[PDB]
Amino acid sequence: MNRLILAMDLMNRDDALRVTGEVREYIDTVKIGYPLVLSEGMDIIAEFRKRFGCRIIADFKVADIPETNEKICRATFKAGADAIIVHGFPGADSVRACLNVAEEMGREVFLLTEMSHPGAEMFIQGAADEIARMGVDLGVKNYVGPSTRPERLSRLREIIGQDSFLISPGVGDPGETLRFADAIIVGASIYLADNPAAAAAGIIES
């Protein structure tokens, strides 16, 4: 919806439920990560799904060995998550382990190629194109890129093709980002704003 995904990283149920309920008419997918889950419990995922009728992407940056990755994905889909975000840096077997569980449980995997923060240039950026092609080779259809580096985003989009689905987070220009990505992830700009719906609204009007 509106090609906008809310990154709900508040750490207490009250605030999280309030802000999410307040911007519901603008977005239809909520990305829930460890800040909220480690503070309130995995049950928060099914509750969000039920109360808001939205799809949930568990942003867990899965980055372990294949056997542990299997366990994490199983617990996450059992909790009701529609998709899970997995790091590609650990290699093909760790990613394939996640894809196998997603296939068995009827869910989806999003492959994180390049990260949006400064530190990303140190090691991740140098591997991003290759990580993206690895996903293509494995048959990954969903991807996550950096909104802070449209130059990198466009390369990534070229690699994965136009049939793929790509989302990006970080500070950028909604206009130019939604030029390579199917949707942008916005967090603090909304959930810390005095008026979240307005901030969300303020964002779409671009």
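Just count from 1 along the sequence shown to find any residue number.
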Problem set entry | Higher-B stretch (mean Cα B-factor, as the entry records it), 184-192 or 21-29 | 21-29
Seminar exercise, completed: Between 166-174 and 53-61, the record assigns the higher mean Cα B factor to 166-174
Exercise. Can you tell me which of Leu156, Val144, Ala46, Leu36 has the highest Cα temperature factor in the record?
Worked result: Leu156
For this session: Name the one of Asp93, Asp82, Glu121, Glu103 with the greatest CA B-factor according to the PDB entry.
Result: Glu121
Seminar exercise, completed: Entry-reported C-alpha B-factor of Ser116 relative to its chain, by third, is middle
Exercise. Split the chain's modelled residues into thirds by Cα B-factor; is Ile131 in the lowest, middle or highest one?
Worked result: middle
For this session: Check where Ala200 lands among this chain's C-alpha B-factors and tell me if it's the lowest, middle or highest third.
Result: highest
Problem set entry | Third of the chain, ranked by Cα B-factor, where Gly139 sits | middle
Exercise. With respect to C-alpha B-factor, does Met1 fall in the lowest, middle or highest third of the chain as deposited?
Worked result: highest
